[PDB]
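Taking the form deposited in one PDB entry, here's one chain by itself in structure tokens.
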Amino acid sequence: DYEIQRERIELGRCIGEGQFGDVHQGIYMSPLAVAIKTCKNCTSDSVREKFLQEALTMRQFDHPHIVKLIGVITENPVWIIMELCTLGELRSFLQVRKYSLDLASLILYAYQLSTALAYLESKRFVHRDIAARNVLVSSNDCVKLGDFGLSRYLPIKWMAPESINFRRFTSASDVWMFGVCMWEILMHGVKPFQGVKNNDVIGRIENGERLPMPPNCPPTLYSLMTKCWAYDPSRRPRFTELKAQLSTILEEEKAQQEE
């Protein structure tokens, strides 16, 4: 049973705004730090059903680098109780720690995300919304994919060409996005294609242009990014291959950092 008695939740401060309402952090007293998605207008049942469907989606998954559903509260106000990633949003985390976070750590986050994404592919689940904005930090040695409902955006600057042109969404278009997500992490939480109109993004990609090597990014890691950005989706690596390749790059950097 995933139904939670409300008296066991103490609601804390607001940590962001969802499609349905504010998200709070708080504490769960079970017989635990949590996030609480709330729902402004769940007095209506059409809204309520959509909201609560987002819980069932997260219930399907069990991975150390995807946020866990703890439970739900299904009378008004209707809440979904999720695992809290204490340290918050990745982009902010990365910006604030731009000059204090080692490269091995940045690569670690890439690797961890790739294990979750390889896991989702093996569940035959296409995500569509892989971006640093949708990653969260549990601690400084652990990132996780955020809530999938909260992740829902068109994010042209992240999307694969075939997604843009023909609305093709496959694990291979997810790979393209993850490449952009990796670029973002190594760029310390800078968005891709800033100062570029969404429309010119497509033409540039067609012209052969890709996002540039982030400063201090290992060329091996950047190369791996550019393979995610093969125009032909069949020619991109599988998430399981990125996982293996990211492990070797992680271990190489750890050895360079003498650890």
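When you see a residue number, it is the position in the sequence shown, counting from 1. Basically, rigid core = biggest C-alpha set you can superpose within 1.5 Å across the two forms.
What follows is about the form deposited in another entry, which we do not show.
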* To do: Scan 223, 60, 43, 198 for the one whose CA shifts by 2 Å or more between this form and the one not shown after superposing the rigid core, and name it.
  => 43
* Examine residue 139 after superposing the rigid core and state whether its CA is displaced by 2 Å or more between this form and the one not shown. => no
* Answer yes if the Cα of residue 237 shifts by 2 angstroms or more between this form and the one not shown on a rigid-core superposition, and no otherwise. => no
* C-alpha of residue 19: shift of 2 angstroms or more between this form and the one not shown, rigid core aligned? -> yes
